[PDB]
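Q: Would you mind keeping the following structure in view while I ask a few things?
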Amino acid sequence: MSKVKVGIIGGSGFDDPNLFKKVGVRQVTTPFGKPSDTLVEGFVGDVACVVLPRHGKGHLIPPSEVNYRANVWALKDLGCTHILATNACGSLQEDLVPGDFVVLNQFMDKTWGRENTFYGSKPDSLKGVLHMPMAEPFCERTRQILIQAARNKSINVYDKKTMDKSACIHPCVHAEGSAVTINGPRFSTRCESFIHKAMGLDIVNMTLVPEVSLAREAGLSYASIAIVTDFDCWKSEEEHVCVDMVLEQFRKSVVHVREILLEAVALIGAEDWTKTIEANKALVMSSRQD
Amino acid sequence: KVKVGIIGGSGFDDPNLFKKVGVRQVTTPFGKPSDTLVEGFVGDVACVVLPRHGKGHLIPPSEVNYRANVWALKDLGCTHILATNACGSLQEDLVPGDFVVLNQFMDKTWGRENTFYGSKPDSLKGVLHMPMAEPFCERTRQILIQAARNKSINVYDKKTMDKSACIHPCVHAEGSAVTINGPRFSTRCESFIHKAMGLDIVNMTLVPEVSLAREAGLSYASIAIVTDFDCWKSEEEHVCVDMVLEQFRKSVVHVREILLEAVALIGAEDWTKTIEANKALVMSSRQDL
Amino acid sequence: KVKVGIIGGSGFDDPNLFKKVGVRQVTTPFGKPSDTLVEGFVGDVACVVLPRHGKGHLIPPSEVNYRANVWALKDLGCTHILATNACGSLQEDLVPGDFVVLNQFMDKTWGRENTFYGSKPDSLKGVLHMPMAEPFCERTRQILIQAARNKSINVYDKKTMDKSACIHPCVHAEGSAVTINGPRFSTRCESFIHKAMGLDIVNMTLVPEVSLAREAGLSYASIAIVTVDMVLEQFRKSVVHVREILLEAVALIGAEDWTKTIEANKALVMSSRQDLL
Ligand SMILES: Nc1ncnc2[nH]cnc12
Ligand SMILES: Nc1ncnc2[nH]cnc12
């Protein structure tokens, strides 16, 4: 007890997943404030796991007002070594269809006003200046776990660099992808959606950043599964994103999301992470510029 | 019945549109509006006028209380908001003296309060995710364009008309705006990049005003006033405040004409269904419910 | 005459540019500066030094009080600010050990106090919309470039020289920076997009320092340093070159008359006051 342990952050359409029988419910505080909700601990098989809804169980907290620092820190505090996160998103690409999933490997950040670092010279932060490399922002091993889990659960995986497009059979998990994270709470204009598309981005979401950055700052291995619920608004009027559209597609996909997450947890449990964890901690220390 | 709010930007902080009924100070749950409001009538149509920046222009674009301004107009019972925004052209065919009835934007503002809803005490309870694919009221945009036609001002529609048929000064029937935070103008580097993205104009005051109007269930449309070519051309043509004001002055008369004709045209129609649909859109965007 | 302020970024957290003469710990209407300002002379030219990040580099780019730093310099009587910035390259021709006298930027910062003027209780009353088409002081840029030449450092200008003249290490005579908020570095995706926009370098501290300098009626120019043990040593060498360039630059500034330019800097601030219409 207790390394390794998997934190799971649930977004839209995934506010109150019943992933396992609750063992403990933790009301915690962090040096950066309260988490979105109480943290629920238990087991998937023999693997310690902790579940946390990003927006509160009642989804009363908008993406821009989520205390990403407290959520990640609380997970760290409870002994998590990994975080798996879900993120509802819209597709900016023809090959990414509602019902698909994307194991993101890249992002472009257009958020603001969100506390995005544990470190600084304000009293509300830890002392120091952390300049973390983010060139490939996710934990690669954990990404591959998510993909291998999809395969273990007989869900199609599409890998651009190894398969031709005819092998892109829906619904499928895309083995790579880039996300633009917008601040919200409004969805994009068509003008924004076309610009994002022209930039080469795969999907658009509101919740990926700064969660992914803070996980790394926290010395944790993080990976996102993005649930494609819509085509944003670059296609026809009938295909223009709204809350109803996002929710309806998510409820159709939740079963697969649950399956991937539970299998991913087991697979993380079947491996040693001593060196990777050590390298996570080390990357943090080497990143100190103070 | 219909009641039209008019929000006035740079070069239009004393619109003097009609002859005043009275001046009125209001309070909102989101703070004080930019100034008192002038209430009156255009013909038989109730109209309310609010300068965005205060009558002395002491409030910069990034510090304008757009929530309070928009909520104040809702609270006076406005069904529509017509806005003006001074802007720079990033394109050859949009020249100073022209107007643009915007249909799209790209948002580069930050630090502004851009929603009425949240989980903080200074906001309404709820998580509201408005669709914004086509962010204006289309009926109201078309009324602004018709108003221009009716006041014998040239209308240019790049969808039905060739570039050689562009006669200035003209109202462009569509256009997209990048809204920057201010208060500084753009670098040449920034202007070239916005231009490369395919944006038509640059301004500082469209967003979040347009988004809040939709959140408030109001029909909103903007007329952009081209006062300069930003800074993508030669040095003599690089935007500064004096250039902005000098051109805005020359264009104001046309701006006034369109707005007043627009107010009349809105009042001549029934908006019962549109208003219901406006209200329903808000309700359907509540994810917390 | 003139007085040259120097804002030292990474590598210049605690410089020894001249014999310390005066020490000034000030308080501005916009808060405290990053650290004490150090007074002195380069030859006959009055000079002031201030480390952007503070002596311990405790202060992250996004929490630097740029307003206080610039205002403090203005208050001490500075007419010029020369600034250094450590940066990453986005283009093949810009390599570690190179330098760039910037002439352009694209701003991606947010959350920073970026203007002296506004309606908030602690801003200067007024609305200021400064032109920023060419946001540096051009005479001052050319002084930096000349300073590089006077210290025998290669100068490369892609607009007037063949690629063959790009001999490293070199001062690139023009260049554009994207200024990101930090403190994290860019993802590959972000860098790809910035590069595709045509940006030359990426940094975290240029904006709003350059904007504020202009609002203050000061002449500002920036010398960027393009940046394991061989990288550290290279950066140590870069700092030595920049130190030399700035010293020569202060001398070169003091040798010229700046009456009209200073006047015109001041007139640009007044003509940008929209509230004074
Ligand atoms: N199109 C979209 N943009 C942003 N966040 C989203 N979440 C789901 N769909 C989205
Ligand atoms: N070029 C410009 N940029 C931003 N706001 C403006 N308002 C008028 N011209 C402008």
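To be explicit about the labels: the chains of the structure tokens are called A, B, and onward in the order shown, and within each one the residues are counted from 1, while ligands get numbers from 1 in the order they are shown.
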Residues within 8 Å of residue 87 in chain B, please, as a PyMOL selection string. Count only C-alpha atoms; anything in the same chain fewer than 2 positions from it doesn't count.
A: chain B and resi 85+89+201-204+224-228
Q: Could those selected residues go to a file with N, CA and C atoms, as a PDB file, in the first residue's frame?
A:
```
ATOM      1  N   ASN B  85     -19.596  48.595 -33.595  1.00  0.00           N
ATOM      2  CA  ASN B  85     -18.234  48.349 -33.164  1.00  0.00           C
ATOM      3  C   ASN B  85     -17.326  48.999 -34.199  1.00  0.00           C
ATOM      4  N   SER B  89      -9.930  46.942 -41.061  1.00  0.00           N
ATOM      5  CA  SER B  89     -10.086  45.968 -42.113  1.00  0.00           C
ATOM      6  C   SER B  89      -8.809  45.179 -42.326  1.00  0.00           C
ATOM      7  N   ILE B 201     -12.218  41.523 -40.380  1.00  0.00           N
ATOM      8  CA  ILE B 201     -11.967  42.722 -39.591  1.00  0.00           C
ATOM      9  C   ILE B 201     -11.457  42.413 -38.184  1.00  0.00           C
ATOM     10  N   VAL B 202     -10.849  43.414 -37.556  1.00  0.00           N
ATOM     11  CA  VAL B 202     -10.416  43.292 -36.180  1.00  0.00           C
ATOM     12  C   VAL B 202     -11.098  44.380 -35.335  1.00  0.00           C
ATOM     13  N   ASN B 203     -11.530  44.030 -34.118  1.00  0.00           N
ATOM     14  CA  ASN B 203     -12.188  44.976 -33.217  1.00  0.00           C
ATOM     15  C   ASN B 203     -11.907  44.574 -31.777  1.00  0.00           C
ATOM     16  N   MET B 204     -12.484  45.299 -30.821  1.00  0.00           N
ATOM     17  CA  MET B 204     -12.239  44.991 -29.397  1.00  0.00           C
ATOM     18  C   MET B 204     -13.492  44.801 -28.549  1.00  0.00           C
ATOM     19  N   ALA B 224     -20.410  46.705 -37.890  1.00  0.00           N
ATOM     20  CA  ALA B 224     -19.021  47.092 -37.696  1.00  0.00           C
ATOM     21  C   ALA B 224     -18.740  48.322 -38.541  1.00  0.00           C
ATOM     22  N   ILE B 225     -18.017  49.279 -37.978  1.00  0.00           N
ATOM     23  CA  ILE B 225     -17.667  50.468 -38.732  1.00  0.00           C
ATOM     24  C   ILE B 225     -16.182  50.442 -39.066  1.00  0.00           C
ATOM     25  N   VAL B 226     -15.878  50.294 -40.349  1.00  0.00           N
ATOM     26  CA  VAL B 226     -14.490  50.199 -40.778  1.00  0.00           C
ATOM     27  C   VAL B 226     -13.881  51.595 -40.690  1.00  0.00           C
ATOM     28  N   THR B 227     -12.912  51.782 -39.811  1.00  0.00           N
ATOM     29  CA  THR B 227     -12.289  53.088 -39.698  1.00  0.00           C
ATOM     30  C   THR B 227     -10.839  53.100 -40.186  1.00  0.00           C
ATOM     31  N   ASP B 228     -10.286  51.935 -40.518  1.00  0.00           N
ATOM     32  CA  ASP B 228      -8.862  51.863 -40.862  1.00  0.00           C
ATOM     33  C   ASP B 228      -8.540  50.512 -41.459  1.00  0.00           C
TER      34      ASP B 228
END
```
Q: What residues in chain A have any atom no more than 7 Å from chain C when counting only C-alpha atoms, and can you write them as a PyMOL selection string?
A: chain A and resi 106-108+112-113+120-121+128-137+199+290
Q: Going by DSSP on the backbone, which residues of range 15-254 of chain A come out as helix (DSSP H, G or I)? List them as JSON, numbers by chain.
A: {"A": [63, 64, 65, 68, 69, 70, 71, 72, 73, 74, 75, 76, 77, 140, 141, 142, 143, 144, 145, 146, 147, 148, 149, 150, 151, 152, 165, 166, 167, 190, 191, 192, 193, 194, 195, 196, 197, 198, 211, 212, 213, 214, 215, 216, 217, 237, 238, 239, 243, 244, 245, 246, 247, 248, 249, 250, 251, 252, 253, 254]}
Q: Show me which bits of chain C are within 7 Å of chain B, counting only C-alpha atoms, as a PyMOL selection string.
A: chain C and resi 104-106+110-111+118-119+126-135+197+272+274-275
Q: Determine which residues of chain A sit within 10 Å of chain B, taking into account only C-alpha atoms, and present them as a compact mmCIF listing (two decimals) with N, CA, C and O atoms, in the first residue's frame.
A:
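Contents of the output file part_11.txt:
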```txt
# COMPACT_ATOMS: atom_id res chain seq x y z
N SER A 12 -18.17 15.23 -18.53
CA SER A 12 -19.54 15.20 -19.06
C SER A 12 -19.97 13.78 -19.38
O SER A 12 -19.16 12.96 -19.83
N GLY A 13 -21.24 13.49 -19.15
CA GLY A 13 -21.79 12.17 -19.41
C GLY A 13 -21.23 11.08 -18.51
O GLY A 13 -21.57 9.91 -18.69
N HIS A 55 -16.81 17.75 -12.62
CA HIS A 55 -17.80 18.82 -12.52
C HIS A 55 -18.75 18.71 -11.32
O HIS A 55 -19.76 19.41 -11.25
N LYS A 57 -20.88 15.72 -8.84
CA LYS A 57 -21.88 14.73 -9.22
C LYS A 57 -23.10 15.32 -9.95
O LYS A 57 -23.69 14.68 -10.81
N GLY A 58 -23.46 16.55 -9.60
CA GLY A 58 -24.60 17.21 -10.23
C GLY A 58 -24.23 18.07 -11.43
O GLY A 58 -25.08 18.75 -11.99
N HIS A 59 -22.95 18.04 -11.81
CA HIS A 59 -22.45 18.81 -12.95
C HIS A 59 -22.83 20.29 -12.86
O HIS A 59 -23.42 20.85 -13.77
N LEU A 60 -22.49 20.90 -11.73
CA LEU A 60 -22.83 22.29 -11.47
C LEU A 60 -21.62 23.20 -11.67
O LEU A 60 -21.72 24.41 -11.52
N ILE A 61 -20.49 22.60 -12.02
CA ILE A 61 -19.25 23.37 -12.14
C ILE A 61 -18.77 23.37 -13.58
O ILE A 61 -18.39 22.32 -14.10
N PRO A 62 -18.79 24.54 -14.22
CA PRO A 62 -18.40 24.71 -15.62
C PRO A 62 -16.91 24.40 -15.80
O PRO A 62 -16.17 24.54 -14.84
N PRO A 63 -16.49 24.00 -17.01
CA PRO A 63 -15.09 23.63 -17.27
C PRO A 63 -14.09 24.71 -16.83
O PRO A 63 -13.03 24.39 -16.30
N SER A 64 -14.44 25.97 -17.01
CA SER A 64 -13.52 27.05 -16.66
C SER A 64 -13.39 27.27 -15.15
O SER A 64 -12.44 27.92 -14.70
N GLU A 65 -14.33 26.74 -14.37
CA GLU A 65 -14.30 26.97 -12.93
C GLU A 65 -13.90 25.71 -12.14
O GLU A 65 -13.92 25.72 -10.91
N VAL A 66 -13.52 24.66 -12.83
CA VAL A 66 -13.07 23.44 -12.15
C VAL A 66 -11.75 23.71 -11.44
O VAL A 66 -10.87 24.37 -11.99
N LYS A 110 -6.18 26.81 -25.61
CA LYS A 110 -6.76 28.15 -25.72
C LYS A 110 -7.59 28.49 -24.49
O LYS A 110 -8.55 29.24 -24.57
N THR A 111 -7.21 27.92 -23.34
CA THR A 111 -7.85 28.28 -22.07
C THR A 111 -7.17 29.51 -21.47
O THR A 111 -6.05 29.86 -21.85
N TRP A 112 -7.83 30.14 -20.52
CA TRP A 112 -7.25 31.25 -19.77
C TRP A 112 -8.00 31.33 -18.47
O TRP A 112 -9.10 30.79 -18.35
N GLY A 113 -7.43 32.02 -17.49
CA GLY A 113 -8.13 32.26 -16.24
C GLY A 113 -8.22 31.03 -15.36
O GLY A 113 -8.87 31.06 -14.31
N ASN A 183 -11.97 27.59 -23.73
CA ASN A 183 -12.29 27.92 -22.35
C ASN A 183 -13.73 27.63 -21.99
O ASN A 183 -14.02 27.29 -20.84
N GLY A 184 -14.62 27.74 -22.96
CA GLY A 184 -16.04 27.64 -22.66
C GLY A 184 -16.53 28.91 -21.99
O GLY A 184 -15.78 29.89 -21.91
N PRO A 185 -17.78 28.91 -21.51
CA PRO A 185 -18.70 27.77 -21.53
C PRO A 185 -19.43 27.57 -22.87
O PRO A 185 -20.02 26.51 -23.11
N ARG A 186 -19.37 28.57 -23.74
CA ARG A 186 -20.02 28.48 -25.04
C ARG A 186 -19.26 27.55 -25.97
O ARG A 186 -18.04 27.41 -25.86
N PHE A 187 -19.98 26.91 -26.87
CA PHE A 187 -19.37 26.18 -27.96
C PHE A 187 -18.81 27.15 -28.99
O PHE A 187 -19.12 28.35 -28.95
N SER A 188 -17.98 26.64 -29.89
CA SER A 188 -17.33 27.45 -30.92
C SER A 188 -18.28 28.04 -31.95
O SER A 188 -19.34 27.48 -32.24
N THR A 189 -17.89 29.17 -32.53
CA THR A 189 -18.53 29.64 -33.75
C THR A 189 -18.03 28.76 -34.91
O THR A 189 -17.03 28.05 -34.78
N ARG A 190 -18.73 28.81 -36.04
CA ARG A 190 -18.30 28.08 -37.21
C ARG A 190 -16.96 28.65 -37.70
O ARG A 190 -16.11 27.92 -38.21
N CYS A 191 -16.77 29.94 -37.51
CA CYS A 191 -15.52 30.57 -37.92
C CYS A 191 -14.37 30.00 -37.11
O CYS A 191 -13.34 29.64 -37.67
N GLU A 192 -14.54 29.87 -35.79
CA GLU A 192 -13.51 29.24 -34.95
C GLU A 192 -13.26 27.75 -35.32
O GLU A 192 -12.13 27.28 -35.37
N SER A 193 -14.34 27.03 -35.60
CA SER A 193 -14.26 25.61 -35.90
C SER A 193 -13.45 25.38 -37.18
O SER A 193 -12.64 24.46 -37.25
N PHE A 194 -13.65 26.25 -38.17
CA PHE A 194 -12.90 26.14 -39.42
C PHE A 194 -11.41 26.48 -39.26
O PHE A 194 -10.56 25.81 -39.83
N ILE A 195 -11.13 27.50 -38.45
CA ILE A 195 -9.76 27.88 -38.12
C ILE A 195 -9.04 26.72 -37.36
O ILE A 195 -7.93 26.33 -37.70
N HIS A 196 -9.70 26.17 -36.36
CA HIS A 196 -9.11 25.03 -35.64
C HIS A 196 -8.82 23.86 -36.57
O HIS A 196 -7.76 23.23 -36.49
N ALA A 198 -8.33 24.06 -39.81
CA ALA A 198 -7.27 24.41 -40.75
C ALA A 198 -5.92 24.32 -40.06
O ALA A 198 -4.91 24.02 -40.68
N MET A 199 -5.91 24.54 -38.75
CA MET A 199 -4.68 24.37 -37.99
C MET A 199 -4.21 22.93 -37.89
O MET A 199 -3.10 22.66 -37.45
N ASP A 232 -18.62 19.13 -33.94
CA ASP A 232 -18.53 20.57 -33.66
C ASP A 232 -19.56 21.32 -34.52
O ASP A 232 -20.74 20.97 -34.49
N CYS A 233 -19.14 22.31 -35.31
CA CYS A 233 -20.10 22.99 -36.19
C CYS A 233 -19.59 23.33 -37.59
O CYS A 233 -20.05 24.30 -38.20
N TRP A 234 -18.66 22.54 -38.12
CA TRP A 234 -18.08 22.81 -39.42
C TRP A 234 -18.83 22.08 -40.54
O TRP A 234 -18.57 22.32 -41.71
N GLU A 237 -26.18 22.02 -40.65
CA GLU A 237 -26.92 22.57 -39.51
C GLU A 237 -27.46 21.48 -38.57
O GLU A 237 -27.52 21.67 -37.36
N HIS A 240 -24.87 20.42 -35.88
CA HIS A 240 -24.25 21.46 -35.05
C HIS A 240 -24.37 21.15 -33.55
O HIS A 240 -25.47 20.93 -33.04
N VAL A 241 -23.24 21.14 -32.87
CA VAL A 241 -23.17 20.75 -31.46
C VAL A 241 -24.14 21.52 -30.54
O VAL A 241 -24.37 22.72 -30.71
N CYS A 242 -24.74 20.79 -29.60
CA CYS A 242 -25.48 21.39 -28.48
C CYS A 242 -25.41 20.44 -27.28
O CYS A 242 -24.90 19.33 -27.40
N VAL A 243 -25.91 20.87 -26.13
CA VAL A 243 -25.83 20.03 -24.94
C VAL A 243 -26.58 18.71 -25.16
O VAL A 243 -26.05 17.63 -24.89
N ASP A 244 -27.80 18.80 -25.70
CA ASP A 244 -28.57 17.58 -25.97
C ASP A 244 -27.80 16.57 -26.83
O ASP A 244 -27.74 15.38 -26.49
N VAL A 246 -24.48 16.31 -27.38
CA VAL A 246 -23.36 15.77 -26.60
C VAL A 246 -23.83 14.67 -25.63
O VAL A 246 -23.24 13.59 -25.58
N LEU A 247 -24.88 14.96 -24.88
CA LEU A 247 -25.37 14.00 -23.88
C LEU A 247 -25.86 12.69 -24.52
O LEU A 247 -25.51 11.60 -24.06
```
Q: Using DSSP on the backbone, list every residue of range 102-289 of chain A that comes out as strand (DSSP E or B), and give them as a PyMOL selection string.
A: chain A and resi 102-103+106-110+119-120+126-127+130+156-158+172-174+178-182+203-205+221-230+288
Q: Convert the current residue selection to file output with C-alpha atoms, as a compact mmCIF listing (two decimals), in the first residue's frame.
A:
```txt
# COMPACT_ATOMS: atom_id res chain seq x y z
CA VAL A 102 -9.44 9.20 -29.19
CA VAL A 103 -6.41 8.43 -27.07
CA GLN A 106 -1.19 16.15 -28.36
CA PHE A 107 -2.98 19.42 -27.58
CA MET A 108 -3.27 23.12 -28.31
CA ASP A 109 -4.31 25.28 -25.37
CA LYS A 110 -6.76 28.15 -25.72
CA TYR A 119 4.22 26.53 -8.38
CA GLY A 120 4.95 30.24 -8.17
CA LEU A 126 4.04 26.19 -3.65
CA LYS A 127 7.39 27.98 -3.65
CA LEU A 130 8.63 25.07 -12.49
CA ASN A 156 -11.85 -1.49 -33.04
CA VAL A 157 -8.59 0.39 -32.92
CA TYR A 158 -7.59 2.58 -35.85
CA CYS A 172 -13.25 2.79 -33.25
CA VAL A 173 -10.65 4.10 -30.83
CA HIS A 174 -8.16 6.36 -32.59
CA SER A 178 -4.61 16.32 -31.05
CA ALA A 179 -7.11 18.45 -29.13
CA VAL A 180 -7.74 22.16 -28.98
CA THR A 181 -8.99 23.04 -25.51
CA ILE A 182 -11.24 26.09 -25.49
CA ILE A 203 -11.00 17.47 -31.86
CA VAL A 204 -12.18 20.31 -29.63
CA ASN A 205 -12.96 20.10 -25.90
CA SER A 221 1.19 9.37 -15.26
CA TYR A 222 -1.85 10.78 -17.10
CA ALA A 223 -3.78 9.72 -20.18
CA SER A 224 -7.09 10.91 -21.62
CA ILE A 225 -9.74 9.05 -23.51
CA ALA A 226 -11.69 11.54 -25.60
CA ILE A 227 -15.30 10.65 -26.40
CA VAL A 228 -16.39 12.08 -29.76
CA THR A 229 -19.99 13.18 -29.29
CA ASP A 230 -20.37 15.52 -32.31
CA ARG A 288 12.88 23.63 -11.15
```
Q: So that I can see what lies close to range 92-98 of chain C, please list as a list in words the residues with an atom at most 7 Å from it, counting only C-alpha atoms and leaving out residues fewer than 3 positions away in the same chain.
A: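 Selected residues are residues 89, 168, 169, 170, 171, 225, 226, 227, 234, 235 and 238 of chain C.
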Q: Taking C-alpha atoms for each residue, export the selection above as a PDB file, in the first residue's frame.
A:
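The result, stored in out.pdb:
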```pdb
ATOM      1  CA  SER C  89      13.960  28.703 -31.790  1.00  0.00           C
ATOM      2  CA  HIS C 168      26.775  30.835 -36.324  1.00  0.00           C
ATOM      3  CA  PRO C 169      26.791  32.171 -33.785  1.00  0.00           C
ATOM      4  CA  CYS C 170      25.046  35.233 -35.158  1.00  0.00           C
ATOM      5  CA  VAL C 171      22.776  38.111 -34.283  1.00  0.00           C
ATOM      6  CA  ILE C 225      19.277  34.641 -26.575  1.00  0.00           C
ATOM      7  CA  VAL C 226      18.487  31.436 -28.415  1.00  0.00           C
ATOM      8  CA  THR C 227      19.083  28.565 -26.010  1.00  0.00           C
ATOM      9  CA  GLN C 234      27.095  27.590 -24.567  1.00  0.00           C
ATOM     10  CA  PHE C 235      24.523  29.617 -22.614  1.00  0.00           C
ATOM     11  CA  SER C 238      25.929  33.615 -24.799  1.00  0.00           C
TER      12      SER C 238
END
```
Q: Show me, as a list in words, the residues that have an atom within 10 Å of residue 4 in chain A when counting only C-alpha atoms, minus same-chain residues fewer than 3 positions from it.
A: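 Listing them by chain and then by number gives residues 1, 47, 48, 49, 79, 80, 81, 82, 268, 269, 271, 272, 273, 274 and 277 of chain A.
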Q: Store the residues of this selection in a file with C-alpha atoms, as a JSON list (two decimals), in the first residue's frame.
A:
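Dumped everything to out-v2.json:
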```json
[["chain", "number", "residue", "atom", "x", "y", "z"],
["A", 1, "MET", "CA", 0.00, 0.00, 0.00],
["A", 47, "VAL", "CA", -6.00, -2.66, -8.07],
["A", 48, "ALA", "CA", -6.60, 0.34, -5.79],
["A", 49, "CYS", "CA", -8.66, 2.92, -7.64],
["A", 79, "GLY", "CA", -1.59, 7.85, -3.24],
["A", 80, "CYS", "CA", -2.57, 7.76, -6.92],
["A", 81, "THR", "CA", 0.28, 7.09, -9.35],
["A", 82, "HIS", "CA", -1.83, 7.29, -12.50],
["A", 268, "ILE", "CA", -1.84, -0.91, -15.28],
["A", 269, "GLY", "CA", -1.97, -3.31, -12.34],
["A", 271, "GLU", "CA", 2.97, -4.12, -14.72],
["A", 272, "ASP", "CA", 5.80, -2.64, -12.63],
["A", 273, "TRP", "CA", 5.99, 1.15, -12.73],
["A", 274, "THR", "CA", 9.01, 1.71, -10.48],
["A", 277, "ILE", "CA", 7.31, 6.76, -11.46]]
```
Q: Please provide the set of residues having any atom within 7 Å of range 138-143 of chain B, restricted to only C-alpha atoms, with same-chain residues fewer than 6 positions apart removed, written as number ranges by chain.
A: B: 101, 219-221, 262, 265
Q: Between C:201, C:73, C:26, C:206, which has the minimum distance to residue 88 in chain C (counting only C-alpha atoms)?
A: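 For residue 88 in chain C, the nearest of the candidates is C:201.
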Q: What is the CA of residue 82 in chain B to CA of residue 7 in chain B distance in Å?
A: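 Value for the CA of residue 82 in chain B-CA of residue 7 in chain B distance: 6.3 Å.
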Q: Do a neighbour search on range 24-40 of chain B at 9 Å with only C-alpha atoms, toss out local chain neighbours closer than 3 positions, and write the hits as an NGL selection string.
A: :B and (18-21 or 45-55 or 59 or 64-72 or 75-76 or 116 or 122-123)
Q: By how many Å are CA of residue 254 in chain C and CA of residue 224 in chain C apart?
A: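 Going from CA of residue 254 in chain C over to CA of residue 224 in chain C covers 22.1 Å.
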Q: Could you give me, as a ChimeraX atom specification, the residues within 12 Å of residue 263 in chain C, counting only C-alpha atoms and dropping anything in the same chain fewer than 5 positions from it?
A: /C:79,217-219,257-258,268-270
Q: Find the distance between CA of residue 246 in chain C and CA of residue 213 in chain C and write it in Å to one decimal.
A: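 It comes out at 17.7 Å.
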Q: Closest to ligand 2 among B:233, B:1, B:279, B:254, using only C-alpha atoms and all ligand atoms?
A: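 For ligand 2, the nearest of the given residues is B:233.
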Q: For ligand 2, which of B:137, B:90, B:165, B:210 is the closest residue, counting only C-alpha atoms and all ligand atoms?
A: B:90
